[PDB]
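Below is one structure, written out as structure tokens; the observations come after it.
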Amino acid sequence: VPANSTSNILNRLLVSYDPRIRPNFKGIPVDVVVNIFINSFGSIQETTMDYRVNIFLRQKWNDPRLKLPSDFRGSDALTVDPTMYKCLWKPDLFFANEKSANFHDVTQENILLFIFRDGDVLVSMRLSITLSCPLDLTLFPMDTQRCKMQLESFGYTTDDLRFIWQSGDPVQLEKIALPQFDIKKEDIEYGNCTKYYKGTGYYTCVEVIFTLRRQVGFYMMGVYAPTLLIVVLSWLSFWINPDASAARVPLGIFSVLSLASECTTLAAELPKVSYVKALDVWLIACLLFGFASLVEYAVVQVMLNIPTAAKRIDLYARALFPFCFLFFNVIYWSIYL
Amino acid sequence: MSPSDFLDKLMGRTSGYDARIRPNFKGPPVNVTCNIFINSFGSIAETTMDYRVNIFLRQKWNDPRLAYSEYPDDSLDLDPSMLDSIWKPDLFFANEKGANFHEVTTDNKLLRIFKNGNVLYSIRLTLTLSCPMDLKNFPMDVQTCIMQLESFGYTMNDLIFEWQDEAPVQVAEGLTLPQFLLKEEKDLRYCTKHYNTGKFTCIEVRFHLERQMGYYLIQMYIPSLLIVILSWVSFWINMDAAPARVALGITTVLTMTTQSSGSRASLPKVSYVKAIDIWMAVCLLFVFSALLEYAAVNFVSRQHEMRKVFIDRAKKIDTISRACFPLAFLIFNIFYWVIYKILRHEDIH
Amino acid sequence: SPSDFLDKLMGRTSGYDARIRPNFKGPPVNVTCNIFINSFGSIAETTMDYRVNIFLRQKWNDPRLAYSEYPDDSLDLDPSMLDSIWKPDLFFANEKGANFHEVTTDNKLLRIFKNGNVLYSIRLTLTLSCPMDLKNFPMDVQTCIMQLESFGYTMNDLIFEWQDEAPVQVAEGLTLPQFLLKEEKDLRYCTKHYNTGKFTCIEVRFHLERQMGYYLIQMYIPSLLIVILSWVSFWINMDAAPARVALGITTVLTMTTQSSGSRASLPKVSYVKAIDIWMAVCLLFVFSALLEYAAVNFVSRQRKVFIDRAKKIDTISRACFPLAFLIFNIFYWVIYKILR
Amino acid sequence: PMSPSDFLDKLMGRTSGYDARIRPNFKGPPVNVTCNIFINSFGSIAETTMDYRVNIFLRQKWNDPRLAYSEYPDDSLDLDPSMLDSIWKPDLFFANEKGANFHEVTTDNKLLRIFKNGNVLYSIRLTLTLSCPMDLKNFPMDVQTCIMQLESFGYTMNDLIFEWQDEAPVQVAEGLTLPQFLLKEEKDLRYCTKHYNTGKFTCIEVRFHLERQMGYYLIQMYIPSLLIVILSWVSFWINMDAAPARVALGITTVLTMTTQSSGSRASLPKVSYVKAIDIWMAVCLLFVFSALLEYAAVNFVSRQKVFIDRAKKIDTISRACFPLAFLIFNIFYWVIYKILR
Amino acid sequence: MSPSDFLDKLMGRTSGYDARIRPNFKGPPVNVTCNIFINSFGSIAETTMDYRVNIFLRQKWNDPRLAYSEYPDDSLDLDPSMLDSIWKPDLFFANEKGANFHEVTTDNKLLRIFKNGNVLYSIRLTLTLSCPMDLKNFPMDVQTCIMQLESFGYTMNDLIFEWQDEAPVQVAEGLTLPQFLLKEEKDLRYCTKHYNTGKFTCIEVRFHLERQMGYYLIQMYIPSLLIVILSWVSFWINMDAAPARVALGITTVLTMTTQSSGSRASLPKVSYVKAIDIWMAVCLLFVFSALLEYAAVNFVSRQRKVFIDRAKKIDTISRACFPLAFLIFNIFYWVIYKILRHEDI
Ligand SMILES: *[C@@H]1O[C@H](CO)[C@@H](O)[C@H](O)[C@H]1NC(C)=O
Ligand SMILES: *[C@@H]1O[C@H](CO)[C@@H](O)[C@H](O)[C@H]1NC(C)=O
Ligand SMILES: *[C@@H]1O[C@H](CO)[C@@H](O)[C@H](O)[C@H]1NC(C)=O
Ligand SMILES: *[C@@H]1O[C@H](CO)[C@@H](O)[C@H](O)[C@H]1NC(C)=O
Ligand SMILES: *[C@@H]1O[C@H](CO)[C@@H](O)[C@H](O)[C@H]1NC(C)=O
């Protein structure tokens, strides 16, 4: 029998096959096994509260109408041209937590359609989906984002279509590096949600939850160090002789202006949320320290109009500012470790 | 008998059903009941005046040509591929700027046929709807963005839209917003737009959005609040220290110009004035007046027993200012924050 | 049967050919088009374009679509059946990009009258291009252009023209975020000419006038207040040299920064615009205040009878500068009132 | 008696037997295609991504003996644009392009015309963001020559040959203007005839000589930098005894122009060489830095006699030298970059 | 005889040729020799970790079903629309973010059929490929990007890719990059990805890129050097001017902090310290040490007592110790990143 004849008698308009009818019509729901193969990850834009992945979604199910005749026994599997993915039945599937997704088409469709002897069919597509995950920004430097990906079914209810994860190693990924986060392969915990939409019925949904732990290295080297230098400059302003009365205002005022610019820039860089953030706490603490330096200088200048009192105030303040700041910084780090 | 033959006999090629003719042709208009299911929300961009949704738009109608009796089952689900081969009611969103379907591993569509002839039709969508906003009091505003369903092909003489009796607009549990909070109340109206070609059915749903000042307070008001503290801490500096006082004024005014620019950078340009501009302008006028008061005092200490004794008068001026400016600012703070929140504004609720 | 009626009228059995215009090799078919603006806005000068959302409608008469089976004259047909009838070519010449609107169906309307007249209305979204003159930036009046034009057929076979009454409608409550759209809209024949032949073309003009509100609040007012601040030096005691040089310095700096920020939001144009003159002259005033301070400081350092001269120069300038600023400001508004 | 539909089926239709999959004069002389364009819109030249956008009414003409008819007395017969898919077309692609798309509004913006002898006119509206490298050695007064290349892709030179039209091949729409440049009336036309491993391919090239007006830049950063440097000179007349005034003058005049240079470079692409605006700004920065340095030297001299007289002497020397140095530098810089190089 | 009938007899409906089945079914795998011709290269942005190419991808595979003898000529050119009626090899780029075809007045595809059955298929694409970056020494880096060709529909048991032996990768004459220098040696290796479903063929081509200092040396390094010289020039001002000298130290830290914020603005967020980052951070210590020295000098002078002599001594000691420190440290930083500890392949 020619391969053309086998394909025609298996799934063609010339054979009694209806792609519009699911296998086991009006009977047992069609069990579907799904496993994902991550390929590309990243571009986690906190501003838009979303991230972009690139996966090889593979789904395999059962279909008694596709049985390879025992006339020929070439192999257990049988590869078929991808263009016949549109000639046989497929399971309705979509990502509920998805914003903008698309196929890929370069020199050919990126689809593989294995067919086994017993009737099981393996199908895999290459997808580039842009999932959105609600980020929590309560503790920005040491946050742990929890971005998930939940599949679903649309046309068929749980009485016809049901999704089951792979028995072993359902999600795979090979040496993916990230610029900001550290995906943990072992921590790939995943359950299922069985979404229930009122007015239509049940709908199966199997989900994957990725655990991401942002590294604070970039922020530590870039943002916190200039704040530390500004604080040290504010401290160094103390030792200046108060007799000048005009060589100590510029240091403090320019330090507070620099802090204002830094907080404005950081607010612009970050998505707009209502709640407070640890980075905002650091910025407001630094600005409050600058304000305290300014008011201490004002108090010293007022007391200068007495020199012994001014010297005592300067010594006491220079003794209490750095140790108090260090205690505050240590407790802040301990709280947000 | 066979399911393939059943589908062919019901509405397939052998059936003779025509998808180019509306049901109940030359008769009563085919009423359509629609109810949506919001799945996501947000990205309300003030600059471009639009917001994005992700709805599971649904529809229901009747047609005697789809009545079946062979299968005792009532709620029969069908492949979305078949869905293009039956008559569907025209529908579009009037106040939209861009929308698209979702095609991932299939078309995200649903088709359901009931025994009595009713048809269910739920299609996933993604709308970048447009809603003009009023920013008279921007930091503490309330917005009413709309989603306006409307027909385009058939007139109201052939198609009528109406909401479901119970739970017309449903919101998926756990939904939140980045900048606002969605009020549970959603008003429903009839818009029934009129054109020069006929009377067109139209259905409008109201969304009430309220803006929380969590970000805006701590990002604009508090820093601008502390800048004016910095502005009046000069009044305790002696007049003698002239450069200190003058520098303390000018840096404070400059930073407030920069902050006003940064604040207005995030909104579309509007001819009318907003709350944030009023606050910024008044609080900046305060530091400007502080610097000018310095100038007046310095002039007084610069020749306005035959002694000048203008030092005492300058000290009196400084003492009066140090007790007036913080007090005046406090009464302004109370008056503004009450007048833009209680009596004549924020009554839109 | 309605299906049989559609088949006999212009269906497969009819024999109607959709590739041949009505009155083939005869008089040109006159097409009357009127539009309906639904949403108008997104007018950006950075890319020099604006976005509309029109319910474009067309009307034409063809003798091959005459029916007598149905007593009713006005018949509505499925939009998906529009591919089987002749449709006049129509492209917007000054378009940077356009797209249909497909949501749950094609957004089209078809209507066939008993006499054979056909109404065809399609929703669109056009990002047209309109050049602008920025001679008077805050008080300009731009006329952005919508141009309808035929492409496939020459003037010998297709002629466009507006309706007799109510050619352009604007939806009630429509407003511009930036400008103030006038009710008056010019309707002129366009009639472009090319080397291939003569192509019909239809023009409608929108008069757009800018509102000075945002600009007056955000860009003129800070400049006026800052140049007022530059005058605070003249009342300071001459003893404080650093105090006066400082305010002059920071005023010059901040006005330069304001100039950069103001021009950061406009397209690069060779000619000077209206706003730049005001800001440049105010910056020149601040610079001249600093220069006059420097001259008075030179005079002070040459009871040498120089205190009288220094104070005379300072006092004379403290009154000459407000007069100069007032007269320039009045003149700058007056010249722009002369232009408009 | 001959219905137009029957004639169309007889000439290009299914009944005709015309095959759209075979080029005219198969196994014969190469098919020549005289093509001419008509620019409708021009502009959006961005240096950061190094490209520009055009809106051309591309036209092509060729001879095909299988489309010869004598039934209709009229010679120039126009057809529905949908008829294009049933007849042969010449392959074409713009080699130096980054993104292309047709224009579909209420129909396809294509025009088909067929003459009596078989000559076919086919004009299609396009929109191209062509890529053209720029030489930014003298950026404020550069002269760029962006290129549009037309080339066959499928058929080789042995089968398809592209030639410009004899007269007036490239036109410009009346009133066409650019916000930053001037489009010259002259437009060079030359061949390129690129070849690869597959074989020789026909090619067509047109040159748009573009020149820049310094109108925007002269008022945006040339004048402000000059005013800032003029500000830096006012320190000379300030008394040498008073330090903070001259210190602030020098410091702020140095500081305010580094941000000017950063802003100027922000809108320009990263380049290895040095641009003219960069040279001007660097020279002004050196001038203001030397203005601060000379004050530092004066302050050193005063603070170690009668050295105050020497401090006044050096201050006067600086005051009489810096304007001369800036004037000679300006007349040197505005001559070579403007006329010579 | 008739060319249309010849095409129909070769691959048309009357031919019986099947496009759904690969050639030599249930036999040896089909060898596909491919080569690419780069047309446009650029848009290598470090922020999005991506770059854009413009290639004339070509492929050459042998099938026996496309053998003809009617036409004496061996090499024949066909209409690009015939490509849908013949079998094609599946080929997708693994390390890509977004790609598209190119159609203008027709598809940009070439089809050539030789007499012996060899087929030459070439299509014009545009790939926004993704390649990892290394920013340990950001201004002096040698960044290599990858272009992977891998089959998807068939395993290696059926489809096998391999480069052409002679002239595998070409570049158009006059090709240049705005900020990089593409090397002339291009490496060819084998990836041969192995998934759980099967073992699939994969061909990889390496690209070598080296960054130049031209933009950075004149926009980034020099302004910081002149800022440090500005903070330097303080030592020569008279020490009695308490607000004057300190102003330079006040302003230098502010402007250099702003410059540092702008320096990393257009760079991706990276944990490791970049070469520009370490250079400017260590330059921050010098401008801050200038203010530290002034603070120490002022404290010494502000408590006859020969303290002015010590103040001038520390002033000249700083003015003589900063030169050696900067001149040695900056040159060490240059040499270590150039040859000693980094770069050099
Ligand atoms: C899905 O969740 C439902 C909850 O009722 C459970 O019965 C079912 O076993 C789950 N299936 C999978 C594959 O997790
Ligand atoms: C549909 O609803 C409309 C509006 O209430 C009503 O007039 C009509 O009778 C209803 N039913 C049918 C079959 O048209
Ligand atoms: C179209 O209008 C022109 C106006 O001159 C007229 O000559 C022609 O007959 C008209 N054609 C029609 C009504 O079909
Ligand atoms: C077409 O033009 C080419 C040169 O462009 C010429 O060699 C050839 O003879 C012309 N005619 C034909 C029929 O090939
Ligand atoms: C393909 O090449 C392999 C070796 O790589 C060889 O074994 C096989 O026979 C070849 N198949 C052909 C030439 O059809």
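We label chains A, B, ... in the order they appear in the structure tokens, count residues from 1 in each chain, and number ligands from 1 in the order shown.
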*asked:* Just want the 9 Å neighbourhood of range 329-338 of chain D, counted on only C-alpha atoms, with same-chain residues fewer than 2 positions away dropped. Output as a list in words.
replied: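 Using only C-alpha atoms, the neighbours found are residues 138, 141, 276, 280, 283, 324, 325, 326, 327, 340 and 341 of chain D.
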Given the selection you just returned, output its residues as a file containing N, CA and C atoms, formatted as a CSV table (one decimal), in the first residue's frame.
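So selection_34.csv came out as:
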```
chain,number,residue,atom,x,y,z
D,138,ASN,N,30.6,65.5,9.5
D,138,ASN,CA,30.1,66.9,9.8
D,138,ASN,C,28.6,66.8,10.0
D,141,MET,N,25.9,70.0,9.4
D,141,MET,CA,25.7,70.4,8.0
D,141,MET,C,26.1,69.2,7.0
D,276,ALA,N,31.0,67.1,14.2
D,276,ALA,CA,31.3,68.6,14.3
D,276,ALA,C,30.7,69.2,15.5
D,280,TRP,N,32.7,71.2,18.5
D,280,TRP,CA,32.3,72.6,19.0
D,280,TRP,C,32.1,72.6,20.5
D,283,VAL,N,35.2,72.1,22.5
D,283,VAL,CA,36.1,73.2,22.5
D,283,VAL,C,35.5,74.3,23.5
D,324,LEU,N,39.4,87.2,22.0
D,324,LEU,CA,40.2,87.0,20.7
D,324,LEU,C,40.3,85.5,20.4
D,325,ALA,N,40.6,84.7,21.4
D,325,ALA,CA,40.8,83.3,21.1
D,325,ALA,C,39.5,82.7,20.7
D,326,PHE,N,38.4,83.0,21.3
D,326,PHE,CA,37.1,82.5,20.9
D,326,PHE,C,36.7,83.0,19.5
D,327,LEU,N,37.0,84.2,19.2
D,327,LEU,CA,36.6,84.7,17.8
D,327,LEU,C,37.4,84.0,16.8
D,340,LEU,N,35.1,74.0,3.4
D,340,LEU,CA,36.3,73.2,3.0
D,340,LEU,C,36.0,71.7,3.2
D,341,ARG,N,35.7,71.3,4.5
D,341,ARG,CA,35.5,69.9,4.8
D,341,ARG,C,34.2,69.8,5.7
```
*Could the residues that lie within 7 Å of ligand 1, counting only C-alpha atoms and all ligand atoms, be listed as a list in words?*
residues 163, 164, 165, 191, 192, 193, 194, 204 and 206 of chain A
*Give me the residues within 9 Å of range 12-27 of chain A as a VMD selection string, counting only C-alpha atoms and dropping any in the same chain fewer than 5 places off.*
(chain A and resid 7 62 to 65 86 to 91 159 to 160) or (chain B and resid 3 to 4 78 to 82)
Can you write out the residues you just picked, keeping N, CA, C and O atoms, as a short mmCIF file (atom, residue, chain, number, x, y, z; two decimals), in the first residue's frame?
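Just written: again.cif:
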```
data_model
loop_
_atom_site.label_atom_id
_atom_site.label_comp_id
_atom_site.auth_asym_id
_atom_site.auth_seq_id
_atom_site.Cartn_x
_atom_site.Cartn_y
_atom_site.Cartn_z
N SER A 7 -2.30 7.38 4.00
CA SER A 7 -2.73 8.68 4.51
C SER A 7 -4.18 8.96 4.14
O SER A 7 -4.95 9.48 4.96
N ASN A 62 -5.79 10.26 23.14
CA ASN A 62 -6.17 9.01 22.51
C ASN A 62 -7.27 9.26 21.48
O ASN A 62 -8.11 10.15 21.65
N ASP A 63 -7.24 8.48 20.41
CA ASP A 63 -8.22 8.61 19.33
C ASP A 63 -8.35 7.27 18.64
O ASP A 63 -7.52 6.92 17.79
N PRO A 64 -9.38 6.48 18.97
CA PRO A 64 -9.52 5.16 18.35
C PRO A 64 -9.75 5.21 16.85
O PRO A 64 -9.50 4.21 16.16
N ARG A 65 -10.23 6.33 16.31
CA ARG A 65 -10.48 6.41 14.88
C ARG A 65 -9.20 6.44 14.06
O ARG A 65 -9.25 6.24 12.84
N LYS A 86 -4.15 20.19 10.46
CA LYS A 86 -5.45 20.81 10.25
C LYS A 86 -6.47 19.86 9.66
O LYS A 86 -7.60 20.28 9.38
N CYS A 87 -6.12 18.59 9.45
CA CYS A 87 -7.04 17.63 8.87
C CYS A 87 -7.63 16.66 9.89
O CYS A 87 -8.63 16.00 9.57
N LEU A 88 -7.05 16.54 11.07
CA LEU A 88 -7.55 15.66 12.12
C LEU A 88 -8.02 16.49 13.31
O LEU A 88 -7.74 17.68 13.42
N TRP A 89 -8.74 15.82 14.20
CA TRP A 89 -9.30 16.50 15.37
C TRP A 89 -8.19 17.01 16.28
O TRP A 89 -7.13 16.39 16.40
N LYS A 90 -8.44 18.15 16.90
CA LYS A 90 -7.53 18.74 17.86
C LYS A 90 -8.30 19.13 19.11
O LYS A 90 -9.51 19.36 19.05
N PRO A 91 -7.63 19.19 20.25
CA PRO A 91 -8.32 19.64 21.47
C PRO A 91 -8.27 21.15 21.61
O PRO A 91 -7.21 21.77 21.44
N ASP A 159 -17.12 17.34 30.95
CA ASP A 159 -17.77 16.12 30.48
C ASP A 159 -17.21 15.62 29.16
O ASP A 159 -17.56 14.51 28.75
N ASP A 160 -16.38 16.40 28.48
CA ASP A 160 -15.81 15.97 27.20
C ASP A 160 -14.30 16.08 27.15
O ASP A 160 -13.65 15.22 26.55
N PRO B 3 -23.57 10.81 13.99
CA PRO B 3 -23.34 12.21 14.37
C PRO B 3 -22.88 13.09 13.22
O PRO B 3 -23.31 14.25 13.13
N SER B 4 -22.03 12.58 12.33
CA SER B 4 -21.66 13.35 11.15
C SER B 4 -22.87 13.62 10.27
O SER B 4 -23.09 14.76 9.82
N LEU B 78 -20.66 22.16 20.26
CA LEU B 78 -20.21 21.96 18.89
C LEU B 78 -18.80 22.51 18.72
O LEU B 78 -18.34 23.37 19.46
N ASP B 79 -18.12 21.98 17.71
CA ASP B 79 -16.77 22.43 17.40
C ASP B 79 -16.80 23.88 16.92
O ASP B 79 -17.65 24.24 16.10
N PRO B 80 -15.89 24.72 17.40
CA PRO B 80 -15.85 26.11 16.93
C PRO B 80 -15.59 26.25 15.44
O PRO B 80 -15.88 27.31 14.87
N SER B 81 -15.04 25.22 14.79
CA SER B 81 -14.88 25.28 13.34
C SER B 81 -16.23 25.38 12.64
O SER B 81 -16.37 26.11 11.65
N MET B 82 -17.23 24.65 13.15
CA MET B 82 -18.58 24.72 12.60
C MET B 82 -19.21 26.10 12.78
O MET B 82 -20.14 26.44 12.04
#
```
DSSP says strand (DSSP E or B) for which residues of range 65-200 of chain B? Put them as a short mmCIF file (atom, residue, chain, number, x, y, z; two decimals) with N, CA and C atoms, in the first residue's frame?
```cif
data_model
loop_
_atom_site.label_atom_id
_atom_site.label_comp_id
_atom_site.auth_asym_id
_atom_site.auth_seq_id
_atom_site.Cartn_x
_atom_site.Cartn_y
_atom_site.Cartn_z
N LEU B 76 -26.11 20.71 23.63
CA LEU B 76 -25.16 20.04 22.75
C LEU B 76 -24.07 21.03 22.36
N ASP B 77 -22.83 20.72 22.72
CA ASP B 77 -21.69 21.55 22.36
C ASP B 77 -21.18 21.17 20.98
N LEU B 78 -20.66 22.16 20.26
CA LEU B 78 -20.21 21.96 18.89
C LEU B 78 -18.80 22.51 18.72
N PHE B 92 -20.39 45.12 17.37
CA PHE B 92 -19.13 45.82 17.46
C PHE B 92 -19.19 46.78 18.63
N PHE B 93 -18.02 47.21 19.09
CA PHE B 93 -17.90 48.13 20.21
C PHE B 93 -17.65 49.53 19.66
N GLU B 96 -14.38 51.90 20.77
CA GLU B 96 -13.17 51.09 20.73
C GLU B 96 -12.15 51.72 19.80
N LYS B 97 -10.87 51.45 20.06
CA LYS B 97 -9.80 51.88 19.19
C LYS B 97 -9.03 50.72 18.57
N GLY B 98 -9.09 49.54 19.17
CA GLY B 98 -8.44 48.37 18.61
C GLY B 98 -8.84 47.10 19.34
N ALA B 99 -9.24 46.08 18.59
CA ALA B 99 -9.63 44.81 19.20
C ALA B 99 -9.22 43.68 18.28
N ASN B 100 -9.15 42.48 18.85
CA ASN B 100 -8.75 41.31 18.09
C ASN B 100 -9.26 40.07 18.80
N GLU B 103 -6.24 33.52 18.91
CA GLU B 103 -6.04 32.27 18.18
C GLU B 103 -4.77 31.61 18.72
N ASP B 107 -9.14 28.58 17.57
CA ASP B 107 -9.90 29.80 17.77
C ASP B 107 -10.66 29.72 19.09
N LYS B 109 -13.44 30.19 20.59
CA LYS B 109 -14.87 30.37 20.36
C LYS B 109 -15.63 29.20 20.96
N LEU B 110 -16.93 29.41 21.17
CA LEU B 110 -17.81 28.39 21.71
C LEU B 110 -19.12 28.42 20.94
N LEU B 111 -19.66 27.24 20.65
CA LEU B 111 -20.96 27.12 20.02
C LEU B 111 -21.77 26.08 20.78
N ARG B 112 -23.01 26.43 21.11
CA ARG B 112 -23.88 25.54 21.86
C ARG B 112 -25.29 25.66 21.32
N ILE B 113 -25.96 24.53 21.12
CA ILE B 113 -27.30 24.49 20.56
C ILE B 113 -28.21 23.77 21.55
N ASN B 118 -32.64 27.66 20.88
CA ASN B 118 -31.74 28.71 21.33
C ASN B 118 -30.30 28.34 21.03
N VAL B 119 -29.48 29.36 20.82
CA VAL B 119 -28.07 29.19 20.49
C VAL B 119 -27.24 30.02 21.46
N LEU B 120 -26.16 29.44 21.95
CA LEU B 120 -25.20 30.15 22.79
C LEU B 120 -23.93 30.38 21.99
N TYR B 121 -23.31 31.54 22.20
CA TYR B 121 -22.15 31.96 21.42
C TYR B 121 -21.27 32.82 22.30
N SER B 122 -20.15 32.26 22.77
CA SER B 122 -19.20 33.00 23.59
C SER B 122 -17.87 33.05 22.87
N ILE B 123 -17.37 34.25 22.62
CA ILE B 123 -16.12 34.46 21.90
C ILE B 123 -15.21 35.32 22.76
N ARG B 124 -13.96 34.90 22.89
CA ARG B 124 -12.98 35.69 23.62
C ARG B 124 -12.60 36.93 22.81
N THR B 126 -10.42 41.11 23.20
CA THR B 126 -9.45 41.93 23.91
C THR B 126 -9.60 43.35 23.38
N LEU B 127 -10.16 44.24 24.18
CA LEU B 127 -10.58 45.56 23.73
C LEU B 127 -9.69 46.63 24.32
N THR B 128 -9.20 47.53 23.48
CA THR B 128 -8.56 48.75 23.94
C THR B 128 -9.56 49.90 23.86
N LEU B 129 -10.57 49.81 24.72
CA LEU B 129 -11.68 50.76 24.68
C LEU B 129 -11.22 52.16 25.05
N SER B 130 -11.92 53.15 24.51
CA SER B 130 -11.61 54.56 24.73
C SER B 130 -12.67 55.18 25.62
N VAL B 142 -12.65 60.64 40.20
CA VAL B 142 -13.42 59.43 39.94
C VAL B 142 -13.75 59.40 38.45
N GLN B 143 -13.59 58.23 37.84
CA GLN B 143 -13.77 58.08 36.40
C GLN B 143 -14.86 57.07 36.10
N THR B 144 -15.58 57.31 35.01
CA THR B 144 -16.63 56.42 34.53
C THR B 144 -16.31 56.05 33.09
N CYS B 145 -15.51 55.00 32.91
CA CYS B 145 -15.23 54.49 31.59
C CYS B 145 -16.33 53.53 31.16
N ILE B 146 -16.60 53.50 29.86
CA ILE B 146 -17.78 52.84 29.33
C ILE B 146 -17.37 51.78 28.32
N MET B 147 -18.24 50.79 28.15
CA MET B 147 -18.11 49.76 27.13
C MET B 147 -19.42 49.72 26.37
N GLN B 148 -19.40 50.18 25.12
CA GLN B 148 -20.63 50.45 24.38
C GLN B 148 -20.80 49.40 23.28
N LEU B 149 -21.63 48.40 23.55
CA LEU B 149 -22.01 47.45 22.52
C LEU B 149 -23.01 48.09 21.56
N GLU B 150 -22.93 47.71 20.29
CA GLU B 150 -23.78 48.29 19.27
C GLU B 150 -23.76 47.39 18.04
N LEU B 159 -32.96 43.87 14.64
CA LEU B 159 -32.11 43.32 15.68
C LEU B 159 -32.21 44.20 16.91
N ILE B 160 -32.43 43.59 18.07
CA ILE B 160 -32.56 44.32 19.33
C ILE B 160 -31.62 43.68 20.34
N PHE B 161 -30.79 44.49 20.97
CA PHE B 161 -29.88 44.03 22.01
C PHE B 161 -30.45 44.36 23.39
N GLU B 162 -30.18 43.49 24.36
CA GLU B 162 -30.62 43.72 25.72
C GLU B 162 -29.80 42.86 26.66
N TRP B 163 -29.61 43.35 27.89
CA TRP B 163 -28.84 42.62 28.88
C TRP B 163 -29.61 41.41 29.39
N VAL B 169 -23.15 41.53 33.97
CA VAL B 169 -21.71 41.70 33.89
C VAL B 169 -21.09 41.01 35.10
N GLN B 170 -20.28 39.99 34.85
CA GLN B 170 -19.60 39.24 35.89
C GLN B 170 -18.12 39.56 35.85
N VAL B 171 -17.49 39.60 37.02
CA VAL B 171 -16.06 39.86 37.14
C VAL B 171 -15.41 38.65 37.79
N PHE B 180 -6.32 51.97 40.27
CA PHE B 180 -7.67 52.27 40.72
C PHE B 180 -8.21 51.12 41.56
N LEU B 181 -9.49 51.22 41.91
CA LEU B 181 -10.23 50.12 42.50
C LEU B 181 -11.61 50.08 41.86
N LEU B 182 -12.02 48.90 41.41
CA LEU B 182 -13.26 48.76 40.65
C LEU B 182 -14.45 48.66 41.60
N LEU B 188 -26.20 50.14 34.05
CA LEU B 188 -26.56 49.72 32.71
C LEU B 188 -27.56 50.72 32.13
N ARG B 189 -27.34 51.10 30.87
CA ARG B 189 -28.19 52.09 30.22
C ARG B 189 -28.54 51.61 28.83
N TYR B 190 -29.41 52.37 28.17
CA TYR B 190 -29.73 52.16 26.76
C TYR B 190 -29.24 53.37 25.98
N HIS B 194 -28.60 56.83 17.01
CA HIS B 194 -29.32 57.21 15.80
C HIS B 194 -28.33 57.76 14.78
N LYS B 199 -32.35 53.67 12.63
CA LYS B 199 -32.25 53.51 14.08
C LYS B 199 -31.52 52.22 14.39
#
```
*Show me which bits of chain C are within 9 Å of chain B, counting only C-alpha atoms, as a ChimeraX atom specification.*
/C:2-3,36,38-39,42,53,76-81,101-110,125,177-178,211-218,222,225,229,232-233,235-237,240,242-244,246-247,250-251,254
*Kindly work out which residues sit at most 9 Å from ligand 4, using only C-alpha atoms and all ligand atoms, and give the list as a PyMOL selection string.*
chain D and resi 25+28-34+62-63+159-163
*Report as a list in words which protein, DNA and RNA residues come within 6 Å of ligand 2, using only C-alpha atoms and all ligand atoms.*
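The residues near ligand 2 are residues 28, 29, 30 and 31 of chain B.
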*asked:* Around ligand 3, which protein and nucleic acid residues have at least one atom no more than 8 Å from it, if we count only C-alpha atoms and all ligand atoms? List them as a ChimeraX atom specification.
replied: /C:23,27-30,61,159
*Produce as a PyMOL selection string the set of residues near ligand 5, where near means within 9 Å with only C-alpha atoms and all ligand atoms considered.*
chain E and resi 23-24+27-32+61-63+159-162
